Amino acid sequence: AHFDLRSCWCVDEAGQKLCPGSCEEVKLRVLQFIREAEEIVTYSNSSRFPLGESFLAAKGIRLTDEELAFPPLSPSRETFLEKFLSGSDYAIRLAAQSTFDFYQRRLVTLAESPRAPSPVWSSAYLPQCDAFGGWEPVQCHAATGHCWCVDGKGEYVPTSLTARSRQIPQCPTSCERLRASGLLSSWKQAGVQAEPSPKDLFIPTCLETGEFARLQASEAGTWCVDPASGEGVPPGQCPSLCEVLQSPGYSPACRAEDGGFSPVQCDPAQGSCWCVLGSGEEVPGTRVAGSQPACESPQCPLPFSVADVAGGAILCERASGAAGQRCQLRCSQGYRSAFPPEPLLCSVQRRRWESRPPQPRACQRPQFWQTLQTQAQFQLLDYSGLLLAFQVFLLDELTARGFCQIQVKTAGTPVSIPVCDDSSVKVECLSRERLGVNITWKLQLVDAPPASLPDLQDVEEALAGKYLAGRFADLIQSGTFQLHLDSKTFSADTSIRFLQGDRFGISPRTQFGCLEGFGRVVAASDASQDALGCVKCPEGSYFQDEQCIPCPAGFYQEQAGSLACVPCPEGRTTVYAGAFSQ
Amino acid sequence: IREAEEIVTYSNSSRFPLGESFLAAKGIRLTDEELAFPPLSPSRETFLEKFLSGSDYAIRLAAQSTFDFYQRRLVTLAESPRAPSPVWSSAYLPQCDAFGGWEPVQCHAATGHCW
Amino acid sequence: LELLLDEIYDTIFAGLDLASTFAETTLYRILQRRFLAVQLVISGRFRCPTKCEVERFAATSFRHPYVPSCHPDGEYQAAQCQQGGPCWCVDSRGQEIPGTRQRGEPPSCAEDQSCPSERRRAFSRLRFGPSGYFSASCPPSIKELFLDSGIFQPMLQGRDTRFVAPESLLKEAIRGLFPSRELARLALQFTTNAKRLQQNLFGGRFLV
Amino acid sequence: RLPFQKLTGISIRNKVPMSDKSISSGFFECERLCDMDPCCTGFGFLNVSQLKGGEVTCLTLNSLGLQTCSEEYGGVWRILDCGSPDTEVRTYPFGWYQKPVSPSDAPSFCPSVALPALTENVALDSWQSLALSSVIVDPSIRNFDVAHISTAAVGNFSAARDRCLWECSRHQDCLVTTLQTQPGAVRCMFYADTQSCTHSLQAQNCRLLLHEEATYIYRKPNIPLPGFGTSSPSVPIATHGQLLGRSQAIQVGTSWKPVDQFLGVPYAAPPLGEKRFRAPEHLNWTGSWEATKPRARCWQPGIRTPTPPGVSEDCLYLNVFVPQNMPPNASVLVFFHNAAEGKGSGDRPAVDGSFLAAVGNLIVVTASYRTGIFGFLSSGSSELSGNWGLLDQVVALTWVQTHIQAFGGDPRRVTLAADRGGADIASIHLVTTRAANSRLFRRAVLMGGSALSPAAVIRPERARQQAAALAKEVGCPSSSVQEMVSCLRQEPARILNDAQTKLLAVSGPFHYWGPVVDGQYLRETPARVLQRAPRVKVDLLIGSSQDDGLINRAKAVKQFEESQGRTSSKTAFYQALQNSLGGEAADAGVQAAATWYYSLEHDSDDXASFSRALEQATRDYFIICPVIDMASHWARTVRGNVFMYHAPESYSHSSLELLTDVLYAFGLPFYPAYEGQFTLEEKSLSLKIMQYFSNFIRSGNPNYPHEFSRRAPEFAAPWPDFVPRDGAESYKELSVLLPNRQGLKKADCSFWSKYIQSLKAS
Amino acid sequence: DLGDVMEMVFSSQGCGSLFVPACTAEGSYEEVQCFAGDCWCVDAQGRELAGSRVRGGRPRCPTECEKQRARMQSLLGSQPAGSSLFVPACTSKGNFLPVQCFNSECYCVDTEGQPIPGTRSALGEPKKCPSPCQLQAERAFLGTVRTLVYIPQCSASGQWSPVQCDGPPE
Ligand SMILES: *[C@@H]1O[C@H](CO)[C@@H](O[C@@H]2O[C@H](CO)[C@@H](O[C@@H]3O[C@H](CO)[C@@H](O)[C@H](O)[C@@H]3O)[C@H](O)[C@H]2NC(C)=O)[C@H](O)[C@H]1NC(C)=O
Ligand SMILES: *[C@@H]1O[C@H](CO[C@@H]2O[C@@H](C)[C@@H](O)[C@@H](O)[C@@H]2O)[C@@H](O[C@@H]2O[C@H](CO)[C@@H](O)[C@H](O)[C@H]2NC(C)=O)[C@H](O)[C@H]1NC(C)=O
Ligand SMILES: *[C@@H]1O[C@H](CO)[C@@H](O[C@@H]2O[C@H](CO)[C@@H](O)[C@H](O)[C@H]2NC(C)=O)[C@H](O)[C@H]1NC(C)=O
Ligand SMILES: *[C@@H]1O[C@H](CO)[C@@H](O)[C@H](O)[C@H]1NC(C)=O
Ligand SMILES: *[C@@H]1O[C@H](CO)[C@@H](O)[C@H](O)[C@H]1NC(C)=O
Ligand SMILES: *[C@@H]1O[C@H](CO)[C@@H](O)[C@H](O)[C@H]1NC(C)=O
Ligand SMILES: *[C@@H]1O[C@H](CO)[C@@H](O)[C@H](O)[C@H]1NC(C)=O
């Protein structure tokens, strides 16, 4: 009957009373851990407990509430004590996590003198889930730069662990993993699941996007499955993913042609109405929180005979009224536009793009921050001459005294991390006999050894501490830095200053950046907010100056992450900009 | 007794997190450089050394300061249930003669035991 | 050394085809190993002098102020010194490591220092959080295959002798006798019993 | 200098003789001739016409074509062009030389040169393209070959790909081709079988092992053998006809694998009537043999008096378990086993080889054979030599040598296995010169038995006495061997089996039948044969269970005795103690020494305690210490690789007659018939042990699935070699943690092998 | 290379959750390491010693005498039966005993276990040794002299004087 008249909850597979998907269920435990660790900090500022009571719990002794004669309070002693009576690894992580957070807040509030607070994306590992509570095949930890593959149920896939690579690895979906293994070894799936014959066994068929195809077949016959999981047997000529869901909070309204999600979805209660992909996942930037969110498709065709935008889609407003049909390119979740935001305008009447045509290959995969940078300034104590010689001479003197390498005190052999290049030293003439010198140390994270510098905080302190920047400030403040140039001596002044984001301070601050071929998509200031700040310049593009710029008309580029655009043959040209093939 | 009352003192003006003594009991102490914590007059080291050695001295010290914290509070917030303990029921204090020697009789008032 | 070819035997260890170069023949390998054995008797080492030892010898001969100091296995010592002068730390090439120049004491040349890296790895393991796959210990398979089986232990100690081999003698011997994995694989192909191995490698019972 | 020795499709610019010069001068000229030609990409300095003595030659080239036959690669497995005897290009400084690779091309006037076009097309759709997530880089890989294609010799990548896919398609042992772009060339790599699977209780994930990263990976799908492909496989058997099997789906975790099963395949004529107590004979069958049901099992002591339907003298059959879509030339396990059934049905074999075959990716053959009197009755002489059941095992092994290719197995990759009694019986094949001259097997798995057992062979006079006692028990005459055999050949099998069960009781005469030295198959006792120098190498995996013992092995005989009205009287205790440790196994001194060492009380009445002490005494003497002696001898004399296990005591599954090592190694926790009887920890332990045993069958080392890969095992801890020296002697303990331990039963086996073997030597 | 394999196996002799090693300011292992209520002593490479681990407490790590005693006792197990090789005697706190004897000859020794000249005698003949205050005092007259390149005060009889003073000696 399935009638509702009683209290309900969600339960595990073995009756644990705890509906969430696998990844989302694991995700909720980590969110509980953070909340408890912050409750410990909360109770540690308003003094409700003695300092030594957690030590007493760690030794197995707890004082019952009757023998204390302590009238119960809303934050009962029991809530705090249970966390620490079980001397498990959970309590040790909980006590550690709350211990840093207590001190880091205090240090900051009393006097934020020494250094910067940690980026808010360096925290406990949080599982990354898809739109339907399942595991995303790629799992990453920003605080260490570690990425790995998991299978359909979140188990680590052997030898898939990578550390601080330029490209985030590719991990097969559950369908693709099952299909490739089935083709190699004939380890198959069962169609009937109870006493299967060899004709009931099948190898899953996958859509090119990595999803299970709606119809799976064996020699016994065919049947329908859930696209997000092959579980199948949806008993509601195969039900669409929406139709399976239709019989995500509010149930989605879907289009009659095939069953694909209608472009405009809505929340009946909350006022939010937004757009969705063909998959049914939400476009990240479309929640309108109002009627008729701009979900309309363009009337102008794409620039170079391309069928559809790869990652995102071009979502216009309603047909405008004069002929603009204002549109904008919105990339899907897990994608960013390589080129900066643009407003696109379409000629409904010419039927051609009046504005710059949209870039079909813009939306790309973001990557982690790839470089760290610190900058210091000192002064060397004629004009209207070629100073670029002094840029080479100063770099040589810095190299000679070991200020262009980081030496890491490892166990055996020490690795050396190079932190200079030909652009590291810039000199400007300020006044007679006093030159102005800029020194910039840039560490590429792919060179920092993950075994000696585990966290990105360890990398920052190696670059802005006693081995590189603290050791250089002392040398300048002493007075023993002089440059030998044809029997002439250029001794340096004792004053040294550090860049701190447009305010020269007295302490070095690091700044995140991207590698040579990768364009910035996150501003420098809010690099503490978002960890994915680098996208590779796409096929239609070249790199200059931290941005990815589309090949101009008459030029084409075919390989991504390039520094120039190949010209077309003298007899030919390109109709639009951003051409991406011969 | 003085150390046990210092623990109560630091437990009212919040200078330490509640879980740091638990961390010390497990053998993990956070050094002052990695916290980037500028030293204060009641340095973290004074409190932590008492609890890193997981000896019987620390267990008695943590217990003694735990009752005293709650008994003061219970009284200050609302002295409803019962009377405070007699101030002569405390840790055993050796009874000495006028010249620092042991008195042949030793007694513990809190238990009524003499030897 | 003048090595005489009149009384050298023939050997079982060999390839299927004749070597491309003389450096890949059994003739060169036999001469090289006999040379190393004589080096062992006349110098204490189953090898030729290292870069450190050559420079130390030249400095002592010409009485230079800075004499490099070497470990008995030939490696540069971490702490180098000048006569009544400054002290510093060097790398494996004997080149001074920047920022380590002390004055009076033999410098605190960082030799073991496994702790601060170990301590950092433990903190990053603590901070990872409760659930999820993580980011002095035995290297994989080494203990089981080499030490659980009891293969290594008879190699280390003398048989009917109190002589205990230094680690350098064992490392020098394996390098001198088998320059590559492919040559050691050839020896295993043609050596049935180990009582024949020295005779094949040296063209005779040379070590006695 | 190129590492490649053979170039195909080259383009020559000039040919210059250099025989009137020194080799150094000719090389110097050849270098400067290619310098002067702006279109020269390299030269050859070589001897041509080497069969007539060789002529020094300089060849300037404007294309190197397809470069093959590297000296660095193709060591174990070569597929490409090699061995041109009319040319000498190896000896220094001969070789093919390349002008240094530059991204600046030759002058535009240089002739265009391209590799000759392929005679037939390449589908690209008959090849499976693999992603990088389906591969593992393993630099220990050795069974691969390499070719290089000059980047100027192919118009584009598609031409290079079709050339390299064509080379692999011509060789049937080439399974995988990978392509990778180098600055100067396209590097093609060709692989044999390199598959590696991760086994768990959820899903079985399999990957390819490659020597290095590559950009494109193409795999050739496995084509089924002529009779395979459907759920009614029909395999041609040469000189016989068709063999018709069935297909079964096998579940491990949440994955399913189809395995083809051929049940009840005859390997000899039924030994009935005049064929009783005779050597096995060829069975001439033609047409179609229906191989979908298990056949009858052989007579064994203690069969129940209401004869079960599956007991017969017609029992010389084998079962073949073939997983679908294996790579060619699979390794083969031949496991000899007579089931003491009562639980196995008429449609399911008692030992199902499907799970080990599927997990191990190999072929399992289980065969039955004559045991007891039917397999070993002997008069101690040429009149009734005996060893009839040993000759069954030889015939069954010869059948595998003849016929296994048709199922897809390599006759050179056969492992012989047996358990308990058969391990003692099957270990005789290791000391017979005929079994080595026939190369019937390459490896052996002995599970609880050894050739150094005190009961391995029966002395000829004991056999004559034992034959007469059976004649006397059934009413036959013992006066002449020919007269006694005739009367025993007319008896019912039920009557003969009741007589042998009565005489086999340890509390009675202890008349056990086994192999005898006959002077034909077995020329001398196993101890003498093993003192000789080995002729061939055989890898040995050997072990024992703490739950084994003589009484455990004879529980059916004991049950029969009780049903006949014979209990443990005091003389039963007496005979049990003397028979166990005696009968050529003890004088009056060995019995006293063992009595002291094991606290054996001859004149007790507590059958429980006395049996426990005796079972501990006889397990060491008959089972555990002979296993350790054989492993030590096999390692000390370099007869092959030795690996030892020990299965510690269990209390969990006494209803099953299989001991712990066979139950785990064959995967009984995964059998559908035992659902609900095993924990997930026993399933997980069994899956690991099947990977150990599969690895040994495939490569002769329980740590490695492939002979030419040495990637460390990940499913469990590595299994050490057995080194026969004090302080070493390591073994794998078959417990949940699979630890490595040292010196099994060191004190107890010293007593038997040193002190007792010296009491018997005086 | 195969020489590297030999070094890796040699290093791996004696090899092995949320344990955090404690380091010194100079980057060396603190010689006492503790986790989850246990504490043990470690060497320079941070390897636990066999008998150091003590539950619910902090161990005292081996001293000079204790290490010599454990070394001489692993070689008295190679000497023949009825034979004596010297073995130093150590107090419970690790210090040397005042008198050491061997083949019926006895010496007074200092805190480093070195014979004091003029103190030898025969076993069975009582010998007056310098007091522990006299030895730590002398041993510190040259702690001072070495550094230029308090020292302890001994009440009558060599018994430590209850009042002790700091500074240069006088
Ligand atoms: C490449 O070809 C050249 C020329 O054909 C080879 O040189 C020739 O080598 C043979 C034998 O090695 C020499 O023949 C004679 O051998 C007898 C032995 O019976 C010896 O007594 C003579 O003194 C002489 O060596 C021949 O002189 C020699 N020719 C020249 C011009 O040197 C060469 O061996 C070939 N290289 C390879 C690697 O095959
Ligand atoms: C001293 O050495 C000679 C020479 O032996 C050869 O050269 C050695 C360096 C070593 O490589 C040996 O294996 C070589 O055989 C010995 O004389 C030889 O002795 C062996 C066995 O006695 C005999 O077979 C050879 O024919 C002998 N050869 C000659 C030229 O005499 C000699 O025995 C050695 N002396 C001692 C005391 O060992
Ligand atoms: C040395 O570094 C300083 C700080 O980065 C540079 O000063 C900046 O110059 C840019 C470009 O002229 C301005 O937009 C910023 O506002 C300046 N910042 C500050 C704090 O002055 C300076 O130009 C550098 N000198 C050289 C020669 O490169
Ligand atoms: C503690 O709480 C007070 C308010 O009661 C607040 O002002 C202060 O900032 C807090 N200190 C922290 C969170 O470190
Ligand atoms: C804590 O300190 C405050 C003053 O800061 C005091 O008023 C209060 O009574 C104290 N609480 C105790 C000692 O429990
Ligand atoms: C590659 O070259 C071949 C050579 O004939 C020819 O098919 C064509 O030029 C190219 N084909 C492709 C698919 O690039
Ligand atoms: C199996 O091996 C044989 C000999 O090694 C070889 O000739 C054959 O090609 C291989 N493959 C098949 C399918 O027989």
Side-chain angles (χ1 to χ4, degrees), chain C residues 14-15 18-29 31-32 179-180 182-183, chain D residues 1-70 72-74 80 82-107 110-111 113 146-153 182-185 187:
Chain C
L18 300 78
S20 293
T21 59
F22 168 75
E24 300 297 328
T25 60
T26 69
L27 267 56
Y28 168 71
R29 271 176 250 129
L31 288 181
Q32 188 270 331
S180 61
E182 302 77 330
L183 281 175
Chain D
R1 194 186 178 272
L2 274 61
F4 304 99
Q5 309 291 314
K6 159 80 183 148
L7 302 189
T8 316
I10 60 172
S11 163
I12 297 179
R13 289 280 273 180
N14 199 12
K15 328 196 177 180
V16 179
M18 298 284 201
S19 294
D20 53 13
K21 296 184 174 191
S22 57
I23 298 283
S24 180
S25 289
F27 180 85
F28 195 34
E29 180 159 299
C30 203
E31 274 183 303
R32 289 174 299 163
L33 288 169
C34 186
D35 273 339
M36 286 320 286
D37 189 354
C39 304
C40 182
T41 70
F43 62 87
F45 188 58
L46 73 165
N47 266 2
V48 297
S49 314
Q50 184 72 352
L51 287 177
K52 277 74 69 177
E55 311 164 21
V56 190
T57 310
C58 174
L59 304 174
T60 44
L61 315 160
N62 68 306
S63 158
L64 302 150
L66 171 66
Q67 322 162 8
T68 68
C69 204
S70 199
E72 303 159 352
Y73 317 103
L80 313 151
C82 276
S84 182
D86 210 40
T87 297
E88 161 58 54
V89 71
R90 286 186 25 94
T91 309
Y92 184 82
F94 289 162
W96 302 106
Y97 289 81
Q98 202 171 23
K99 214 174 265 192
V101 166
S102 174
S104 158
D105 50 328
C110 288
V113 60
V146 183
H148 275 203
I149 293 192
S150 314
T151 189
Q182 283 194 354
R187 172 182 183 89

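We use all heavy atoms of the structure for the numbers below, so side chains are in, but hydrogens, waters and symmetry mates are not. Here is the naming used below: chain letters follow the sequence lines, and residue numbers restart at 1 for every chain.
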Parallel, tilted or perpendicular, as decided by the 30° and 60° cut-offs, for the rings of D:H148 and D:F4: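 If you compare the ring of D:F4 with that of D:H148, the planes turn out tilted.
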So do the side chains of [X] and [Y] get within less than 4.5 Å of each other, counting heavy atoms only?
X: D:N47; Y: D:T87; value: no
X: D:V48; Y: D:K15; value: no
X: D:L59; Y: D:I10; value: no
X: D:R13; Y: D:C40; value: no

Could you state the interatomic distance from CG (D:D37) to CG (D:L33), rounded to the nearest 0.5 Å? 9.5 Å
Drop me the distance from D:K99's NZ to D:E31's CD, to the nearest 0.5 angstrom.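 Reported to 0.5 Å precision, the distance equals 11.0 Å.
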Under the side-chain contact (heavy atoms from CB on, under 4.5 Å) criterion, do D:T8 and D:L80 qualify, and how do the steps go? CA-CA 11 Å; D:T8 316; D:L80 313 151; over 6 Å; no
Just do the side-chain contact (heavy atoms from CB on, under 4.5 Å) check on D:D86 and D:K52 with the steps written out, would you? CA-CA 8 Å; D:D86 210 40; D:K52 277 74 69 177; 3.9 Å; yes
Would you find a donor on one side and an acceptor on the other, under 3.5 Å apart, between the side chain of D:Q5 and the backbone of D:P3? yes
Which donor-acceptor pairs under 3.5 Å do side chains of residues 21-28 of chain D form with protein atoms, sequence neighbours excluded?
unit_1, atom_1, unit_2, atom_2, d
D:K21, NZ, D:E29, OE1, 2.3
D:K21, NZ, D:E29, OE2, 3.2
D:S22, OG, D:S25, N, 3.2
D:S22, OG, D:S25, OG, 2.9

Any donor-acceptor pair under 3.5 Å linking the side-chain atoms of D:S11 with those of D:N62? yes
